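In structure tokens, one chain follows: the form deposited in one PDB entry.
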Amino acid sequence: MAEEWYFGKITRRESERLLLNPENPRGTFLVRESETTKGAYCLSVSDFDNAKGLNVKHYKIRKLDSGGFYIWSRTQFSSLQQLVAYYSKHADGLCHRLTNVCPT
């Protein structure tokens, strides 16, 4: 049992398959393990614009030796739960604020 938004070892294309479901509104997200970087995580979030329609953006979450996490070094967090809590309040760099936890 992990956090509701933690999807573990799912692939980048599987995260897109789940997030691109038309029933999921803009701002739907999940956190997963990175396929490209060992020890890093990815925040995958759905967005919408006039050119692309519903699309997915992926953000790399790096873990520090001190135990912290960040997407941009200017804003660091002590846990993944603090990171999700912050980005649920302000977009601050992301395409959209986190609003809906990806189902199933």
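Note that residue numbering begins at 1 and tracks the sequence as displayed. Whichever C-alpha set is largest while still superposing within 1.5 Å between the two forms counts as the rigid core.
Heads up, the form solved in complex with a partner chain isn't pictured, but that's what we're talking about next.
A residue is said to contact a partner when one of its heavy atoms sits within 4.5 Å of a partner heavy atom; residue 50 fails this definition for its partner chain in the deposited bound form, lying far away. Using a 4.5 angstroms threshold between heavy atoms, residue 76 stays clear of its partner chain in the deposited bound form. Interface membership of residue 66, defined by any non-hydrogen atom within 4.5 Å of its partner chain in the deposited bound form, is ruled out. Proximity of residue 12 to its partner chain in the deposited bound form falls within the 4.5 Å heavy atom cutoff.
52 is the only residue from 52, 63, 57, 60 whose Cα shifts by 2 Å or more between the shown form and the other one, the rigid core being superposed.
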